[PDB]
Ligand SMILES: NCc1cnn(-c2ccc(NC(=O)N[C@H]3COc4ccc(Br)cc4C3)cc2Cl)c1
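One chain comes next, on its own, written out as structure tokens in the form solved without the ligand.
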């Protein structure tokens, strides 16, 4: 039986491009792949809309986890670029036209992966393409069909992921699964008789994503890095804030991605002596680049949140923090309360600062 020393994954989805067409499929595809891999015991970091610097730093931190016998999986969905036999991943801040120096070279990552002694290393690219001795056990999948499908929900789903999600949970050698995905796509009307998937493999043994985790036992200087990566899925716990007037505010947290978190607030208790009160969140760290006109909304959809609406309580005010990878310090923000005493005309203001630590991606000690 093949064993994994540990299972680690990094998934990046780029959609909202400054100078290039916006993509739709990376949103749901990264969200669904994150859940699928977590089911298989991978410690996953998922990131949406990264700049050049952010992409390079996240890839470097992931590469650092690839110790002897470890199973790694790296997934990128977004714009891609091809130039003189080399392929490149395009970050959201890339200027138009495309330049190599602004992008991440796939061949250079493959080269760094080839120096690891991984039990398995799966590198999958799902790109919207444009032109103008000791085994590392690398399996490289390169789909150039990134084209999508609209669901009953109105959400976009990708072609490579549609076939992948139906096969990924099976206890079969990874290369055998990918050959089936290539056949599925070859029969699919959108990709029939076209260069849609290229698979490269240097896998000498029967390894699968379903393989159990071995004598994990980290090491001395791999310890902190791994504990931080394992904790990047942990939400801040719910909190109930008490104000001197007696009004109690509940603060809740939900996650779409490792760098996208939703904060919700509601008035849980209003004393009889208080006629009217309202609560709102403000003064977030500058690095997050929020804008008060996008915070404290009546519905999750108004903040740009559509993935976790079933897990979000109704009748709250919602705020979406989609740039958490930019956070270099504790997430400290203010809960403001406006209130009025029954029989009095004046509106009283009160406020308190909340520290929710370094949530999700902020747990990592990466370059920022």
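Residue numbers count along the first chain shown, from 1. Take the two forms, superpose them, and find the largest set of C-alpha atoms that agree within 1.5 Å; that set is the rigid core.
Keep in mind that the form deposited with the ligand bound is not shown, yet the notes after this line are about it.
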Inset, instruction - Backbone and C-beta atoms within 2.4 Å of 3 or more ligand atoms means blocked; with that in mind, superpose the ligand from its pose in the entry with it bound onto this chain and give open or blocked. - result: blocked
Legend entry - Stretch in contact, per heavy atom within 4.5 angstroms of the ligand in the entry with it bound, of 334 to 342, 301 to 309, 314 to 322, 43 to 51: 43 to 51
Legend entry - Contact test, all of 243, 351 and 354, partner the ligand in the entry with it bound, heavy atom 4.5 Å: no
Inset, instruction - Determine whether any heavy atom of residue 257 comes within 4.5 Å of a heavy atom of the ligand in the entry with it bound, and answer yes or no. - result: no
Legend entry - Residue contact check: residue 62 to the ligand in the entry with it bound, 4.5 Å heavy atom: yes
Inset, instruction - Using a 4.5 Å heavy atom cut-off, state whether residue 58 contacts the ligand in the entry with it bound. - result: yes
Inset, instruction - Indicate whether the ligand has at least one heavy atom within 4.5 Å of a heavy atom of residue 201 in the entry with it bound. - result: no
Inset, instruction - Check each of 172, 167, 225, 270 and return the one that places a heavy atom within 4.5 angstroms of the ligand in the entry with it bound. - result: 225
Inset, instruction - Let me know which residues along 341 to 367 have a heavy atom within 4.5 Å of the ligand in the entry with it bound, or say none if there are none. - result: 361, 364, 366, 367
Legend entry - Flagged residue of 76, 163, 243, 140 - C-alpha shift reaching 2 Å or more between the shown form and the other one, core superposed: 243
Legend entry - Displaced residue check between the shown form and the other one: residue 97, CA, 2 Å or over, core reference: no
Inset, instruction - Would you say whether residue 20 is displaced between the shown form and the other one, judging by a C-alpha shift of 2 Å or more on the superposed rigid core? - result: no
Inset, instruction - Could you tell me whether the Cα atom of residue 179 shifts by at least 2 Å between the shown form and the other one after core superposition? - result: no
Inset, instruction - Might you say whether the CA atoms of residue 123 and residue 230 end up closer or farther apart in the entry with it bound than in this form? Their distance differs by 3 Å or more. - result: farther
Inset, instruction - Check residue 230 against residue 140 at the C-alpha atoms and report closer or farther in the entry with it bound, compared with the shown form; the change is 3 Å or more. - result: farther
